[PDB]
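*Asks:* The structure's right below; bear with me while I get my questions together.
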Amino acid sequence: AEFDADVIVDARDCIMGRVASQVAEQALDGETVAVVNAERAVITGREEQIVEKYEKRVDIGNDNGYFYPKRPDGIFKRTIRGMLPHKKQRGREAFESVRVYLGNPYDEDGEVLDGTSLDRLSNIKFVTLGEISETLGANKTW
Amino acid sequence: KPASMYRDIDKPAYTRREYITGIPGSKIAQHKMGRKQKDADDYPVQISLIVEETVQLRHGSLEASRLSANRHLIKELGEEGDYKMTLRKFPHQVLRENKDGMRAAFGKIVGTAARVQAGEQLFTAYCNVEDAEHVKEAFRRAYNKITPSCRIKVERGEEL
Amino acid sequence: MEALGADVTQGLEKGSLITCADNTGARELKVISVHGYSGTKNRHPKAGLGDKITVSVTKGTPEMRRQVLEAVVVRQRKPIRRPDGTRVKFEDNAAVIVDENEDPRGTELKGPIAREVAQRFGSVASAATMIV
Amino acid sequence: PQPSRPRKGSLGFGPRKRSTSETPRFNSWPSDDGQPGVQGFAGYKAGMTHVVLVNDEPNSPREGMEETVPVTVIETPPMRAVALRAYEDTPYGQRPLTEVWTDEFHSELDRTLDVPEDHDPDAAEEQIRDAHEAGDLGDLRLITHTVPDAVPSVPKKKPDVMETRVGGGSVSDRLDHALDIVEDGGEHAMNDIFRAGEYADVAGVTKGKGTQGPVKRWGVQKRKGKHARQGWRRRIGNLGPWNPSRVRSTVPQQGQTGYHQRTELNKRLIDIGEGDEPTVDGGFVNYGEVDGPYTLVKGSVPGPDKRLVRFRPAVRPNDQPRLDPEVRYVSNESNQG
Amino acid sequence: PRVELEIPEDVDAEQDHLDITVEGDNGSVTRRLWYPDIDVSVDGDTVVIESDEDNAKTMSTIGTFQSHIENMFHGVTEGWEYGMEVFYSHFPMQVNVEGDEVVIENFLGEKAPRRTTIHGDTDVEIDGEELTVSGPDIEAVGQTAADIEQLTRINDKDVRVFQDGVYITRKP
RNA sequence: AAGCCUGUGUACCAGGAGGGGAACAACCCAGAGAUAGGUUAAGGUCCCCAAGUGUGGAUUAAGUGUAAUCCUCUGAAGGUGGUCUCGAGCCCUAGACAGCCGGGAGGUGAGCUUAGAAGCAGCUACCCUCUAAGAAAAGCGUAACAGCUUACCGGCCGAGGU
RNA sequence: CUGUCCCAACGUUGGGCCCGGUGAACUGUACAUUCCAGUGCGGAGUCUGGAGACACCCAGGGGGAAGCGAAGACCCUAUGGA
RNA sequence: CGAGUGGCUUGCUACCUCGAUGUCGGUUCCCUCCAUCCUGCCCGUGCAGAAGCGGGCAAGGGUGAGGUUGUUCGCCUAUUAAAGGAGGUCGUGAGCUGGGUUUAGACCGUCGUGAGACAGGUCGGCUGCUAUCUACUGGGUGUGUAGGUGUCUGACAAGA
RNA sequence: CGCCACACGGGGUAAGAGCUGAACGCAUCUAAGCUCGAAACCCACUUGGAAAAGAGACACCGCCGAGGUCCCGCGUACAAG
Ligand SMILES: C=C[C@]1(C)C[C@@H](OC(=O)CSCCN(CC)CC)[C@]2(C)[C@H](C)CC[C@]3(CCC(=O)[C@H]32)[C@@H](C)[C@@H]1O
Ligand SMILES: [Cl-]
Ligand SMILES: [Cl-]
Ligand SMILES: [Cl-]
Ligand SMILES: [Cl-]
Ligand SMILES: [Cl-]
Ligand SMILES: [Cl-]
Ligand SMILES: [Cl-]
Ligand SMILES: [Mg+2]
Ligand SMILES: [Mg+2]
Ligand SMILES: [Mg+2]
Ligand SMILES: [Mg+2]
Ligand SMILES: [Mg+2]
Ligand SMILES: [Mg+2]
Ligand SMILES: [Mg+2]
Ligand SMILES: [Mg+2]
Ligand SMILES: [Mg+2]
Ligand SMILES: [Mg+2]
Ligand SMILES: [Mg+2]
Ligand SMILES: [Mg+2]
Ligand SMILES: [Mg+2]
Ligand SMILES: [Mg+2]
Ligand SMILES: [Mg+2]
Ligand SMILES: [Mg+2]
Ligand SMILES: [Mg+2]
Ligand SMILES: [Mg+2]
Ligand SMILES: [Mg+2]
Ligand code: NA
Ligand code: NA
Ligand code: NA
Ligand code: NA
Ligand code: NA
Ligand code: NA
Ligand code: NA
Ligand code: NA
Ligand code: NA
Ligand code: NA
Ligand code: NA
Ligand code: NA
Ligand code: NA
Ligand code: NA
Ligand code: NA
Ligand code: NA
Ligand code: NA
Ligand code: NA
Ligand code: NA
Ligand SMILES: [Sr+2]
Ligand SMILES: [Sr+2]
Ligand SMILES: [Sr+2]
Ligand SMILES: [Sr+2]
Ligand SMILES: [Sr+2]
Ligand SMILES: [Sr+2]
Ligand SMILES: [Sr+2]
Ligand SMILES: [Sr+2]
Ligand SMILES: [Sr+2]
Ligand SMILES: [Sr+2]
Ligand SMILES: [Sr+2]
Ligand SMILES: [Sr+2]
Ligand SMILES: [Sr+2]
Ligand SMILES: [Sr+2]
Ligand SMILES: [Sr+2]
Ligand SMILES: [Sr+2]
Ligand SMILES: [Sr+2]
Ligand SMILES: [Sr+2]
Ligand SMILES: [Sr+2]
Ligand SMILES: [Sr+2]
Ligand SMILES: [Sr+2]
Ligand SMILES: [Sr+2]
């Protein structure tokens with residue numbers, strides 16, 4: 001409920017890591033970024049291998065723990081954390097001022113940053129984050 | 001013993017039999033195969049087996065790759081076919097094996113090997129035009145019993 | 001196997017000395033194995049009433065002794081449970097020797113039998129004296 | 001070569017800690033089939049007695065014969081469905097929306113709750129119908145409560161409140177079915193939801209055993225032989241290997257046993273009746289005299305005599321329903337013999 | 001490259017995104033044709049499959065899309081026909097069509113019926129010992145025809161002795 | 001074989017900071033008084049992280065790879081109609097390659113061997129008519145015939161093919 | 001012959017746990033909420049990378065601190081002793 | 001004949017520890033590996049069926065009880081669906097046992113002039129410590145989230 | 001040592017059986033596409049779970065009084081708590 005965002009980004013057909021990297025850069029500049037339509041995000045490569053990597057991360061853990069998100073909600077939020085020094089003062093404040101959403105809780109449409117978008121007519125080998133999440137063990141709530 | 005121990009050239013030239021004693025004899029029987037009465041110039045084709053990597057092939061690996069290689073030419077062209085195969089290399093490099101501990105490390109004599117440089121012809125066959133695809137197959141079996149990857153080169157033969 | 005129509009509490013173990021309720025020349029029988037049973041780590045293989053068990057003759061006639069023959073547990077000391085809730089227990093623990101086709105090695109069987117052994121091993125029942 | 005053996009105790013009912021609510025809380029509810037109704041009842045455990053029956057199973061050669069079956073006596077007095085709750089389909093799951101409450105409350109319901117004096121049921125009901133029109137309405141559940149004051153053998157008068165799902169028909173016709181029970185007073189007996197001979201699921205918080213050791217807790221071996229006299233009797237071999245240089249949470253250790261919530265599956269209801277037919281001579285041990293609405297549950301039931309148990313139509317049954325069994329004899333003999 | 005396909009008089013094909021729907025007197029077949037840099041279009045009455053790239057991998061699909069369109073045309077004109085004949089040796093096998101699924105009973109003496117399912121629109125009709133699978137979508141027909149033969153798969157024993165089951169007789 | 005033993009030349013560590021290499025005596029830059037401003041080196045410029053989501057072009061579909069050197073970063077013999085670029089001989093609008101159709105004939109079942117063998121068990125030959133083709137039969141098949149094709153000719157088709 | 005075992009159960013007494021009083025010691029380079037990998041003199045809570053991690057306290061059984069305790073008795077060495 | 005993976009055996013090296021990192025075998029208790037003994041689904045057959053043989057996928061679960069021997073290993077019996085193999089300081093002695101190796105006592109055989117010796121045998125022959133830190137099993141008290149009660153949700157977590 | 005309860009079915013695959021299908025006019029299970037297929041994977045089910053720092057939602061009650069604590073009598077609880 002309510003988040004005063006400076007920049008609002010649309011993840012629709014946008015290469016995950018590349019978006020995350022620009023969102024991370026901007027978080028450190030002092031911007032309140034909000035990634036929208038995470039379910040409709042994308043990751044390039046063979047579906048079978050992208051799934052194996054993500055399934056392994058769910059199997060990984062011990063008594064100490066290693067919580068890895070299954071929902072496409074948090075998968076984007078954890079990739080952003082992997083580009084931010086989340087264990088420093090500055091890096092925590094920047095990360096906490098970035099929230100990822102499934103769909104769009106706002107009225108304003110999100111922008112598509114340059115270089116992030118994929119051409120579906122030129123590509124066939126990719127996956128949707130929601131397609132990864134149904135394979136991980138989540139409940140389709142989007 | 002695995003050829004992995006003797007395939008590389010790292011030991012000095014140890015060939016002088018007037019200093020080395022108790023050397024096991026060659027496992028090889030024939031160096032000149034086929035019809036050794038006829039010349040190599042009486043044949044239109046000269047297809048050789050070229051070694052790509054600089055190795056040291058043992059007399060056992062030589063005998064084995066000569067055997068199943070010549071046995072295909074005896075199988076396909078008969079016991080007295082119109083061919084003549086040749087193994088131009090000879091095993092001179094005497095091998096060792098330490099068999100105690102590392103005290104008195106100089107090993108006793110176990111076998112013999114031939115120093116083959118890269119680009120050289122180990123085997124060289126001289127056949128007829130129709131029997132050529134049988135020899136390119138006698139060499140496909142011969143390179144599987146030696147240590148390196150090989151080239152089958154036609155030195156005389158624009159008949160294709 | 002075919003249901004007994006009663007819940008048993010396995011009253012025997014492996015190495016257990018039981019009686020041979022027949023005329024085969026076999027007096028005392030010693031349990032070796034329980035046909036079809038697979039246990040757990042650190043457990044003596046338990047036998048109950050109405051179990052085909054592998055046995056060896058302990059006491060008897062010179063020709064019958066030292067033989068490894070199969071048998072069926074006819075009687076036991078530990079209470080078994082009939083469907084009507086009643087418990088039933090016998091005087092001793094006994095068994096009758098049997099063959100490949102599950103027919104008794106003898107002709108006349110000594111002492112009472114249980115009505116639950118009848119359903120399964122009928123060829124022993126149609127040779128039984130008393131049935132309880 | 002170290003013989004194999006399955007690990008001691010289950011690793012599914014973890015962690016073995018004390019329960020939060022003594023009142024069982026379901027996490028799974030039945031699928032929607034036919035008629036709209038409530039999906040569960042609740043009562044208080046009374047004790048045990050045996051009952052003789054006629055075998056209902058057509059696959060059994062005992063079909064028609066007398067069979068003695070053990071039965072847990074549980075007093076099940078009528079409950080009051082005091083409210084109706086709605087869930088909106090948020091991307092975060094099923095979050096509650098609003099509740100519709102009554103006017104007529106129980107004289108002693110203010111022993112746990114802050115009883116509403118001024119509530120607006122009408123406009124709250126409108127919000128649920130607008131959410132239904134929108135297409136985001138999830139599952140509809142009723143805030144049920146018990147009447148412990150109805151049971152003379154239970155000292156507690158402070159009502160145990162719990163949520164229960166309504167399902168069976170279309171989302172429209174069941175919202176209305178729920179509202180209809182609420183406007184009256186919410187009075188419903190076991191006859192309303194359960195029929196005798198059906199398979200139910202009894203959920204209950206087990207008997208409290210305090211802190212017990214590995215042998216009792218995880219059923220591990222006592223030290224055997226010579227190893228039993230050296231000063232170690234009920235303590236395990238080791239807490240783990242050299243590396244990993246940490247004790248795993250999977251190793252059988254000491255701790256709290258009992259007072260855990262369990263959901264005992266496929267429990268057959270043998271008879272649902274009223275009066276003093278299942279009561280024992282001298283009364284039930286540490287409970288008392290049963291006279292009134294009850295249920296007869298086959299086998300055992302989690303928890304001690306006096307604790308609240310919950311019923312639900314079996315989510316995973318194996319055998320086909322064999323309604324209303326021929327209950328010939330119910331025992332009355334004293335449990336003090 | 002570019003390949004222009006002439007659509008017949010009995011046929012009408014419409015486009016919406018990457019989806020091609022072919023309508024005619026035998027039915028309507030909807031398909032999704034997608035691959036990198038290949039674009040399919042309708043130039044009024046001709047189907048054009050064109051891509052800027054000429055690599056073997058692309059040429060593989062341009063070719064496959066042509067046969068997927070050409071065969072959709074035959075689907076809406078004449079239709080697809082697969083002929084099947086039930087075979088039995090000792091056991092009186094019964095193959096009856098029940099609802100949207102073809103069922104086989106008493107196969108090899110089994111109490112349990114072996115039932116498959118009809119894929120899409122496809123019509124499976126029986127004339128005693130014969131069976132004829134027919135329809136516009138070759139994808140559904142060839143699969144419904146296969147599903148029937150494959151339903152009588154026996155891996156447990158020798159198929160040279162146990163030859164019972166429906167087989168494909170006529171391939172279009 | 002060794003993060004093995006033992007020489008030699010040399011530089012370095014030991015006794016050498018600082019920079020880079022994720023960490024890491026000896027690998028790369030670099031030899032270094034204090035303070036300060038500036039430009040570089042090795043190395044690096046999507047984020048973590050200072051600097052390009054830089055430019056012209058091709059390849060790769062395996063997450064190959066994103067790993068200078070290394071006990072440390074593997075990967076081999078063999079195999080590949082995965083795919084890309086290049087050259088060579090030969091065939092082709094006098095219609096190639098493939099596919100589908102048609103024809104695939106008689107003297108004559110070659111002869112001998114043999115009770116028999118008639119394209120096709122074996123021995124030896126391997127010959128000529130009609131024609132646009134058609135083997136003394138190349139592969140299956142039959143007790144043998146028969147049957148099915150294969151060489152070979154014609155047609156359909158239409159572009160490169162091998 | 002039997003609880004040695006199958007297979008563990010209940011009980012008994014003194015402890016153990018809470019309250020008063022009394023009141024030590026072993027050990028302590030420093031820091032120290034860890035875990036998974038890696039690296040390093042090749043056996044790291046402390047280095048690198050990640051993961052995890054709100055603080056304090058009670059009981060516990062002892063996986064780890066190559067735990068504490070003892071300048072290895074083994075082995076070699078010393079131009080050692082008996 | 002050739003090419004390799006492994007790190008379970010053995011061997012080599014002497015980097016690590018001699019101001020001590022407790023042995024073997026066993027036991028108890030926990031996590032794991034697959035190079036799969038059984039169980040599931042498959043391919044071939046010298047696949048009629050039946051019981052096999054050989055191969056593929058697959059580590060969820062299982063793989064037990066006993067006789068001799070300290071034995072690991074192994075031989076043996078009977079059951080079984082099968083009675084797989086390996087890693088975790090050859091898992092585990094601030095858990096256990098102490099039968100074997102390896103003290104001081106003694107005997108036999110061999111050698112030795114002799115003291116005495118033996119990678120020959122044999123009998124007897126000890127197992128310390130009150131847990132600071134951390135680790136996990138369970139149990140409380142505070143703070144944060146920012147007045148009280150009751151009912152829930154589900155990011156995640158565990159299971160065979 | 002007694003007694004009670006502990007799925008079926010789905011979803012996606014592996015090896016594998018196949019369908020449509022091209023590069024390669026044919027053929028071809030595969031290159032694009034698809035139908036099936038393991039005790040194995042996800043779901044189902046059971047247990048934990050507002051400290052999830054995005055530190056949650058609903059209903060009511062109260063902010064000068066809602067509610068809690070002490071206290072008292074005791075257990076469905078219990079080593080202190
Ligand atoms: C005696 C040392 C013991 C207790 C045991 C020792 O074993 C030996 O040293 C061989 S002799 C053993 C018997 N010992 C008396 C106990 C003879 C003097 C043994 C197993 C090794 C072989 C040597 C190193 C070690 C510590 C690590 C280890 O495994 C120990 C020493 C330092 C330990 O203190
Ligand atoms: Cl975890
Ligand atoms: Cl950080
Ligand atoms: Cl693509
Ligand atoms: Cl046994
Ligand atoms: Cl023990
Ligand atoms: Cl200098
Ligand atoms: Cl990846
Ligand atoms: Mg044992
Ligand atoms: Mg009683
Ligand atoms: Mg009595
Ligand atoms: Mg068979
Ligand atoms: Mg020095
Ligand atoms: Mg930058
Ligand atoms: Mg790689
Ligand atoms: Mg000494
Ligand atoms: Mg002296
Ligand atoms: Mg010393
Ligand atoms: Mg230690
Ligand atoms: Mg495998
Ligand atoms: Mg496992
Ligand atoms: Mg060990
Ligand atoms: Mg230990
Ligand atoms: Mg000790
Ligand atoms: Mg001994
Ligand atoms: Mg001894
Ligand atoms: Mg101690
Ligand atoms: Na990617
Ligand atoms: Na995880
Ligand atoms: Na020596
Ligand atoms: Na003790
Ligand atoms: Na230890
Ligand atoms: Na120097
Ligand atoms: Na550095
Ligand atoms: Na990679
Ligand atoms: Na006792
Ligand atoms: Na410890
Ligand atoms: Na290796
Ligand atoms: Na080693
Ligand atoms: Na041990
Ligand atoms: Na397994
Ligand atoms: Na043994
Ligand atoms: Na050790
Ligand atoms: Na030990
Ligand atoms: Na000890
Ligand atoms: Na399946
Ligand atoms: Sr940037
Ligand atoms: Sr050398
Ligand atoms: Sr080779
Ligand atoms: Sr072990
Ligand atoms: Sr509930
Ligand atoms: Sr739940
Ligand atoms: Sr002791
Ligand atoms: Sr460690
Ligand atoms: Sr770029
Ligand atoms: Sr290393
Ligand atoms: Sr290669
Ligand atoms: Sr303690
Ligand atoms: Sr594997
Ligand atoms: Sr199998
Ligand atoms: Sr050993
Ligand atoms: Sr042995
Ligand atoms: Sr001893
Ligand atoms: Sr002595
Ligand atoms: Sr000795
Ligand atoms: Sr704070
Ligand atoms: Sr497949
Ligand atoms: Sr909270």
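The way I read the labels, and the way they are meant: chains A, B, ... in the order of the structure tokens, residue 1 as the first residue of every chain, and ligand 1 as the first ligand shown, with later ones counted on from there.
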What residues in chain A get the DSSP label strand (DSSP E or B)? Please answer as an NGL selection string.
*Replies:* :A and (7-10 or 14-15 or 33-36 or 42-44 or 98-100 or 111 or 117 or 126-128)
*Asks:* Which residues come within 12 Å of residue 42 (chain E), counting only C-alpha atoms (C1' of nucleotides), excluding same-chain residues fewer than 4 positions away, as a PyMOL selection string?
*Replies:* chain E and resi 3-7+12-22+46-50+69
*Asks:* How about saving the chosen residues, C-alpha atoms kept, as a CSV table (one decimal), in the first residue's frame?
*Replies:*
```csv
chain,number,residue,atom,x,y,z
E,3,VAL,CA,8.0,-18.2,-51.0
E,4,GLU,CA,4.6,-17.1,-52.4
E,5,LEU,CA,1.8,-19.6,-51.9
E,6,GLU,CA,-1.4,-19.4,-54.0
E,7,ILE,CA,-4.5,-20.0,-51.8
E,12,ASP,CA,-9.9,-18.3,-47.1
E,13,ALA,CA,-6.9,-17.6,-44.7
E,14,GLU,CA,-6.9,-14.8,-42.1
E,15,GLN,CA,-4.0,-13.4,-40.0
E,16,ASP,CA,-3.9,-12.0,-36.4
E,17,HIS,CA,-0.3,-11.6,-34.9
E,18,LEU,CA,1.7,-14.7,-35.6
E,19,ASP,CA,-1.4,-16.9,-35.7
E,20,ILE,CA,-2.8,-18.2,-39.0
E,21,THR,CA,-6.4,-19.4,-39.3
E,22,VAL,CA,-7.4,-21.2,-42.4
E,46,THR,CA,-1.3,-15.2,-51.4
E,47,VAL,CA,0.6,-16.4,-48.3
E,48,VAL,CA,4.1,-15.0,-48.0
E,49,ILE,CA,6.8,-16.6,-45.8
E,50,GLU,CA,9.8,-14.2,-45.8
E,69,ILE,CA,0.2,-24.1,-44.8
```
*Asks:* Show which residues sit within 12 Å of residue 156 (chain E), as a list in words. Count only C-alpha atoms (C1' of nucleotides), and ignore same-chain residues fewer than 2 positions away.
*Replies:*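 Here the qualifying residues turn out to be residues 152, 153, 154, 158, 159 and 162 of chain E; 42, 47 and 49 of chain H.
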*Asks:* Counting only C-alpha atoms (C1' of nucleotides), collect the residues of chain D whose closest atom lies at most 6 Å from chain H, and write them out as an MDAnalysis selection string.
*Replies:* chainID D and resid 11:12 95 113:114 227 237:238 240:241 246:249 251 253:256
*Asks:* Next, the residues of the selection above should be written as a PDB file, in the first residue's frame with N, CA, C and O atoms.
*Replies:*
```pdb
ATOM      1  N   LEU D  11      10.371 -36.618  10.442  1.00  0.00           N
ATOM      2  CA  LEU D  11      10.894 -35.286  10.268  1.00  0.00           C
ATOM      3  C   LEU D  11       9.864 -34.420   9.530  1.00  0.00           C
ATOM      4  O   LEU D  11      10.216 -33.477   8.831  1.00  0.00           O
ATOM      5  N   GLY D  12       8.582 -34.719   9.728  1.00  0.00           N
ATOM      6  CA  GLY D  12       7.535 -33.960   9.063  1.00  0.00           C
ATOM      7  C   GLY D  12       6.747 -33.091  10.011  1.00  0.00           C
ATOM      8  O   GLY D  12       6.298 -32.002   9.643  1.00  0.00           O
ATOM      9  N   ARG D  95      -6.285 -12.565   1.365  1.00  0.00           N
ATOM     10  CA  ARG D  95      -6.327 -11.670   2.515  1.00  0.00           C
ATOM     11  C   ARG D  95      -7.783 -11.380   2.858  1.00  0.00           C
ATOM     12  O   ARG D  95      -8.600 -11.253   1.950  1.00  0.00           O
ATOM     13  N   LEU D 113     -14.092 -12.648  23.828  1.00  0.00           N
ATOM     14  CA  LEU D 113     -14.277 -11.577  22.859  1.00  0.00           C
ATOM     15  C   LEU D 113     -14.778 -10.239  23.373  1.00  0.00           C
ATOM     16  O   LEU D 113     -15.307 -10.122  24.486  1.00  0.00           O
ATOM     17  N   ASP D 114     -14.573  -9.236  22.518  1.00  0.00           N
ATOM     18  CA  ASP D 114     -15.018  -7.866  22.718  1.00  0.00           C
ATOM     19  C   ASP D 114     -16.257  -7.860  21.830  1.00  0.00           C
ATOM     20  O   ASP D 114     -16.166  -7.671  20.611  1.00  0.00           O
ATOM     21  N   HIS D 227      27.316 -51.457  27.334  1.00  0.00           N
ATOM     22  CA  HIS D 227      27.184 -50.028  27.086  1.00  0.00           C
ATOM     23  C   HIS D 227      26.083 -49.387  27.905  1.00  0.00           C
ATOM     24  O   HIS D 227      25.971 -48.168  27.931  1.00  0.00           O
ATOM     25  N   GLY D 237      24.492 -42.154  20.870  1.00  0.00           N
ATOM     26  CA  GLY D 237      25.887 -42.329  20.501  1.00  0.00           C
ATOM     27  C   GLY D 237      26.676 -41.070  20.235  1.00  0.00           C
ATOM     28  O   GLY D 237      27.722 -40.869  20.842  1.00  0.00           O
ATOM     29  N   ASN D 238      26.166 -40.220  19.347  1.00  0.00           N
ATOM     30  CA  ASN D 238      26.823 -38.962  19.010  1.00  0.00           C
ATOM     31  C   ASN D 238      25.878 -37.947  18.396  1.00  0.00           C
ATOM     32  O   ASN D 238      24.844 -38.308  17.833  1.00  0.00           O
ATOM     33  N   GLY D 240      26.788 -36.074  15.866  1.00  0.00           N
ATOM     34  CA  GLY D 240      27.148 -35.894  14.480  1.00  0.00           C
ATOM     35  C   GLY D 240      28.591 -36.250  14.265  1.00  0.00           C
ATOM     36  O   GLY D 240      29.252 -36.615  15.230  1.00  0.00           O
ATOM     37  N   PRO D 241      29.104 -36.180  13.016  1.00  0.00           N
ATOM     38  CA  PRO D 241      30.497 -36.493  12.650  1.00  0.00           C
ATOM     39  C   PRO D 241      31.487 -35.359  12.995  1.00  0.00           C
ATOM     40  O   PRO D 241      31.107 -34.383  13.646  1.00  0.00           O
ATOM     41  N   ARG D 246      29.226 -29.096  13.122  1.00  0.00           N
ATOM     42  CA  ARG D 246      28.008 -28.499  13.653  1.00  0.00           C
ATOM     43  C   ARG D 246      27.014 -29.629  13.891  1.00  0.00           C
ATOM     44  O   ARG D 246      27.058 -30.660  13.216  1.00  0.00           O
ATOM     45  N   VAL D 247      26.131 -29.446  14.861  1.00  0.00           N
ATOM     46  CA  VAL D 247      25.125 -30.456  15.151  1.00  0.00           C
ATOM     47  C   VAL D 247      23.931 -30.128  14.276  1.00  0.00           C
ATOM     48  O   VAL D 247      23.459 -28.985  14.249  1.00  0.00           O
ATOM     49  N   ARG D 248      23.471 -31.134  13.544  1.00  0.00           N
ATOM     50  CA  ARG D 248      22.323 -30.976  12.669  1.00  0.00           C
ATOM     51  C   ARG D 248      21.012 -31.020  13.454  1.00  0.00           C
ATOM     52  O   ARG D 248      20.930 -31.623  14.525  1.00  0.00           O
ATOM     53  N   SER D 249      19.997 -30.357  12.915  1.00  0.00           N
ATOM     54  CA  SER D 249      18.685 -30.304  13.530  1.00  0.00           C
ATOM     55  C   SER D 249      17.947 -31.613  13.341  1.00  0.00           C
ATOM     56  O   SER D 249      16.893 -31.818  13.928  1.00  0.00           O
ATOM     57  N   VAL D 251      19.285 -34.606  14.129  1.00  0.00           N
ATOM     58  CA  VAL D 251      19.724 -35.584  15.147  1.00  0.00           C
ATOM     59  C   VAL D 251      18.761 -35.672  16.337  1.00  0.00           C
ATOM     60  O   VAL D 251      18.339 -34.645  16.876  1.00  0.00           O
ATOM     61  N   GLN D 253      17.308 -35.431  19.567  1.00  0.00           N
ATOM     62  CA  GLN D 253      17.665 -34.775  20.808  1.00  0.00           C
ATOM     63  C   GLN D 253      16.466 -34.611  21.710  1.00  0.00           C
ATOM     64  O   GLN D 253      15.329 -34.881  21.312  1.00  0.00           O
ATOM     65  N   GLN D 254      16.759 -34.165  22.931  1.00  0.00           N
ATOM     66  CA  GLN D 254      15.814 -33.905  24.015  1.00  0.00           C
ATOM     67  C   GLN D 254      14.918 -32.715  23.685  1.00  0.00           C
ATOM     68  O   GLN D 254      15.202 -31.968  22.764  1.00  0.00           O
ATOM     69  N   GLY D 255      13.835 -32.554  24.430  1.00  0.00           N
ATOM     70  CA  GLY D 255      12.965 -31.421  24.205  1.00  0.00           C
ATOM     71  C   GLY D 255      11.532 -31.661  24.568  1.00  0.00           C
ATOM     72  O   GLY D 255      11.202 -32.624  25.256  1.00  0.00           O
ATOM     73  N   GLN D 256      10.675 -30.794  24.045  1.00  0.00           N
ATOM     74  CA  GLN D 256       9.251 -30.851  24.314  1.00  0.00           C
ATOM     75  C   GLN D 256       8.487 -31.870  23.494  1.00  0.00           C
ATOM     76  O   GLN D 256       8.482 -31.832  22.268  1.00  0.00           O
TER      77      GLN D 256
END
```
*Asks:* Neighbouring residues of ligand 63 are defined here as those with any atom at most 10 Å from a ligand atom, counting only C-alpha atoms (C1' of nucleotides) and all ligand atoms; list them as a list in words.
*Replies:*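 The residues within 10 Å of ligand 63, counting only C-alpha atoms (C1' of nucleotides) and all ligand atoms, are residues 70, 98, 99, 100, 101 and 125 of chain H.
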